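In order of appearance the chains are A, B, C, D, E, F and G, and numbering begins at 1 in each one.
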Amino acid sequence: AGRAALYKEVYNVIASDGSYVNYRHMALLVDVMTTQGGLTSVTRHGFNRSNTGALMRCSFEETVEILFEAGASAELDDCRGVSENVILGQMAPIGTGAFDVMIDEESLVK
Amino acid sequence: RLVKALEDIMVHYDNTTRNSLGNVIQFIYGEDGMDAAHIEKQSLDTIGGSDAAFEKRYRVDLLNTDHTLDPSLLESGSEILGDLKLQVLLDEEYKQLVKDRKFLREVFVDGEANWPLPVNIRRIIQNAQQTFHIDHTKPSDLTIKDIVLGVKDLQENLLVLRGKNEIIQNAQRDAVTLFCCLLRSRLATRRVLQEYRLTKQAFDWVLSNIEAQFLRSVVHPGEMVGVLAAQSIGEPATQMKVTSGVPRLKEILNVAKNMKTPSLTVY
Amino acid sequence: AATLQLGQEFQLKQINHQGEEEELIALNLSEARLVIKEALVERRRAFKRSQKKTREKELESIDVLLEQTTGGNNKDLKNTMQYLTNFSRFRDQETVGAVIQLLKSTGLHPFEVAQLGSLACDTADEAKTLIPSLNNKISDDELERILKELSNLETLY
Amino acid sequence: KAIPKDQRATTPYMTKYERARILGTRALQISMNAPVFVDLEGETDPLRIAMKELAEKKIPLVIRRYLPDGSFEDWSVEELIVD
Amino acid sequence: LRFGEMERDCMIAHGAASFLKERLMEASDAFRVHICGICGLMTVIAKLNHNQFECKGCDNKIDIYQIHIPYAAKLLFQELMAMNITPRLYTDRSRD
Amino acid sequence: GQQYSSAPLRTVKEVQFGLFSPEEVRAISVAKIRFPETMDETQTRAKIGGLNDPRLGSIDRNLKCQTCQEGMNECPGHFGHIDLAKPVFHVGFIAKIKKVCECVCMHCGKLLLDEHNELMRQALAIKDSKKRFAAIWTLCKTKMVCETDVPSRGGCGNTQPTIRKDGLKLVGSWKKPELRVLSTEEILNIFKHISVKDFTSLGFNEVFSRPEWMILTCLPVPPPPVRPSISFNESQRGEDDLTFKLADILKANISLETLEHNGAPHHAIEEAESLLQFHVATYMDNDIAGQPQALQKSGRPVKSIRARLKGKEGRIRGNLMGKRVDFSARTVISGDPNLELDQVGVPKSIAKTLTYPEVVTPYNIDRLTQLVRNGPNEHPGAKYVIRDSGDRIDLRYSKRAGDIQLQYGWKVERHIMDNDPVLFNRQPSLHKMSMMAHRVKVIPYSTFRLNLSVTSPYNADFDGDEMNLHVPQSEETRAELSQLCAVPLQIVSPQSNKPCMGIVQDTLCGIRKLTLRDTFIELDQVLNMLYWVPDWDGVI
Amino acid sequence: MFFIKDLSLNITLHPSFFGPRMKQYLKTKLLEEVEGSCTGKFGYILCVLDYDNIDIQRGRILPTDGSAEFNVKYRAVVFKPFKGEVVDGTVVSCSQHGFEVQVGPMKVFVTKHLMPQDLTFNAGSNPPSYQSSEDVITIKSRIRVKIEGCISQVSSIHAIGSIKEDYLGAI
């Protein structure tokens, strides 16, 4: 019921503005706010207080605190996040780079 | 806040929306698996119309004179009348449409029949009539088993998930139920033999076009849907009893413990 | 050092490219020459197959015929062949099989029997001084016997 | 760990990203003097030649689609249904 | 011109990762550094005029990895090392 | 353009964050840095053993950086250290250490309560480390007495004091009341007596983090590649703020050692200890609340590392997520109905300024040869050549040589001609439609010309609005940019499942009057209307 | 020591080498780089056994440049020195700090301080030779050297030997 009610609340402001937005986007947004149980705020206290990699959380707002807690608690980063691959300066798993291209030597003789 | 809120969310090669850490937000993107660039507003002919119009349209009787079939519609209309098998098939199709009407009554309680769905059937029908020179006062070479079995064979060709297990087929049927109801509504024996007067190559061409466009309306795996949603919500925010607008949006996104106008709607 | 504790890739436990376990292969300067000189022959057959469509002179001449096979970038292997040949006293793989039969009869480590077959000694104290790993792992009389049979297996070529 | 051919349950259609990277890498190889498998109609641009090879499925590549659990599949661009 | 954060977010919205990598490396700044196998820090002294490498404090002269990171990221790592924080980099996945 | 290396090239995967151990700091560093002076006494070179000696990195290009050799464009830098005679605390850990002081005994160094307590048994079952430390802290912060015998255990029993933070210090209160200030050496000793299960039950990993490592003992010294000094006019030389902070740490450390060597006034030792603690604290984080702010001699606050990592447009926002890039042009945009939908009119000066590196192939060897023989002055020309050896020859001063012949495998950089897709953008750019590729059409003047059917997704108007143009420098990113970003491929936006581009302005007002029943056109004008269509079949 | 070990190498090929015969090219490269060179982890690589049954595995395309990367697993005969290892050798170059013994592809050095007291350096001879109380160490002379330490640098390996202990010296 909290989920459906949240969807109604968001949809209301959209329809009030006199605009149309597809069901997909609003559904995705609502679901993200409810996948950890309860209601989760969209804040710097609402996704930087849960693990996603030290870089991904530190990039948004409070950099030094997140980094210090990371080094203190010996945290490990998986480094498949978007911002992480951006910072390191190499290909990320998004779109074209979400798959590797290979070669088949058995196909060259065709 | 919206951009940095929805960023590391994408769709992998399994038609399942999950972030980089593997947390599943949605088992199917948009709960249907369709991109937002191939959806068009369609009308549901199952709920629309009165009961007398519903029974007047979706009943093609062969052994009864209440909703009998006009033999001048098709070439073999003199031999279709009096057949028990085709009448049983018409009973199964009619019962299926009635069950679809009860289901649509339970899903949409507002009474609206216009909803965004993929594949435009009207343009395919018009392109078939203007392509095969289908005009009025032209007997068709189709029968009841060709349209019924044609639709039943087209309903199995619609595939979004490429699995074969129990849960995969259950999610496929539950994700294709509405579209199959729309196809069973627009593809009735009376609607094709009476109004459209489609032939064999025209009907098969319509089936191939519906299946084809359905295979093109599938969302591609690997598309950033979180950023697209954050933009699709943040863009209308620029154009901006209870409080509305930007403050209300702030209270909703921040999930505040107190609202500007805490009101109820007691029914 | 020389205390039966080599590196990581040189440990007693080795793994082949198939995934099975294999013991470390230690070779002395006897069959080690017949294996290089051996494989270079089949390498010459492989070079002449795709082409279709006293003891020192033969050594250097064969090393030239095999130098024509390679791209002139591995002459240290040929100089190593001259080193081994100038320091080798063994010949024929049959006698080498007998030597392995005499080395494996005591139940020692492959590196130890490699240092045994690769060094020319007359007494047991020489083998115990040149090989710090062998000082009490095997009897001295047995080592002297092995050196006697080996002394009968060596022949001036 | 390389799913076999009888268990490949991914979409047989080539996506726009796969076609894009196949045309980009193939055109990059053609620009670097790669053996062309199709007879040219007088083209000079490498991208047009890459699209000419994709139109006849003469591109000698195979896609390693990574699955979210760490596995992958090998769908050759010749068996992939384009468009 | 400045390629800000919103521009990068648009490039992610289009799904082009190669243009993002090229724009954030070759089009701006690209640096090459060497990291050590045991510790993922940039203490590898590189004297490659004679092809020689070391890493101080962990006894390595063989296993040395080469990575291309932007100069700003190297400034971040060096500032973290100046702030008593270890940004150890590993080319292999130990967690699996 | 850097020098080649024989090391294996790999990508960067897992990144581990941990604390710097003092032994590892001493093992990474190369110099001790004892003299607070910047340059040498002769006002030249470097101090050799000071704040910026050749044992670290160097700038000015001409210098070689002794211990890397090579140059400044290659030098990663080198690390120094500072060996203190009195341990100091780190700002970002002052709270955490305090929490540790409220989670462990202050004598026997054992955890308060025990595994026999039910609440501790429930708290230890949590898998999250931060929640474990939180709850265990909530339990141990209440019990202020270790115990020797606990019914169904370590000894001690000494009353655990109350630790309070005050002026970068920790004061302990005993009720017994005896209040004594906890020194850094005592806290560090107690931390040295912490068992494995104790700190591993708090959330520490032996190989990466230690409570003893949380207390600063030796300080790393970053190279000038991090704090680049300046020597302007050879008589106006400016040093960075971190350099002044290192000078303060050296003066306070040497002063404290001198005061602790001969005699002990007990008060000047605490004043020098709080002075060194203040210089290190302000060195790590100058903007610390409840403490005085260090100010430079010019009149501005001291720039710390935390200030470089905290504010906007710093290292994260202005150097990683975003950055100022090359191969771009910004100018005023204007309309042109004679152009196509996806094209954009680029001025000739911009086309001659920006360039694109093309690869020499037997298909365009004659064309690129013509571009070389034309010169950089003419528009159909080139600017630089790149031989297969990875070396760039400029076309300027190359005509003095005479002839330049191209070979297979080279990369000649030409100017932006026609049919070249480049990214077009307009700030703030809140749509994915706000950045779209375009086909370059070379036109004179200085304004970007474009069709008015693209001004609606850009939200622009021809009144002084400037736009940005980025150019790809690779064929792979150009093809991937042409197959994913295009104006025809962005007609129907996925935002509201309707086309975002349409007929706007005078064309929409004119098509209505054209589609009126009273609108009739004569033959002589109809012929020109039908001939104005580009794809007209020619059938009237 | 002359050991045999299965080694793996990553071979890079230019896009111009993608013909059907490319496998041969691989082997070609696999020879030209491996035979004769040296590694600080496995020692001086001598020969490469098993030329017909060379595994090719699967070639992967790295992003830019378009070059092909291969992982080859083969069997090779390599030579790796060890510390405290009795070997034999022949002198090549002579120095006042000691004569440089040649053991296979490795040029070991023997320090003068690591020599007995009776062994003295003689520069008046051509070539300069080390004359002792019974043996004369010349270039063409054969000397049994006991290696004390070895250095394993990348693509470069040098060792230090000695002959002070008993059962050593000239052969």
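We take it that a residue touches a chain if its C-beta (ideal position, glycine included) is under 8 Å from a C-beta of that chain, and two chains touch if they have at least 3 such contacts.
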Shortest path length from subunit C to subunit E (each step joins two touching chains): 2
Chain pair with the higher count of C-beta pairs in contact (C-G, B-E): C-G
CA centroid of subunit A to CA centroid of subunit E, Å: 23
Mean-CA-position distance for subunit G and subunit D (Å): 45
Approximate Å spacing (C-alpha centroids) for the pair subunit C, subunit D: 51
Between subunit F and subunit A, distance of the C-alpha-averaged centres to the nearest whole Å: 20
Junction residues of subunit E, two or more chains touched: 6, 8, 12-16, 18, 24, 51, 53, 64, 68-70, 73, 76, 84-86, 95
Shared-contact residues (touching 2 or more other chains) in subunit D: 16-17, 20-21, 24-25, 28, 32-33, 60-61, 65-66
Overlap residues in subunit C, where contacts from two or more other chains coincide: none
Touching residues (chain side subunit A, partner subunit B) in the complex: 6, 9-10, 12-14, 16-17, 19, 21-29, 31-33, 35, 39-43, 47, 51-52, 56, 60, 78, 80-83, 93-95, 98-99
Subunit F - residues contacting subunit D, complex: 359, 361-364, 408, 475-477, 479-480, 482-484
Touching residues (chain side subunit G, partner subunit E) in the complex: 40-41, 63, 152-156
Touching residues (chain side subunit D, partner subunit B) in the complex: 9-13, 15-17, 65-68
Subunit B partner contacts - residues on subunit E that touch it in the complex: 6, 9, 12-13, 15
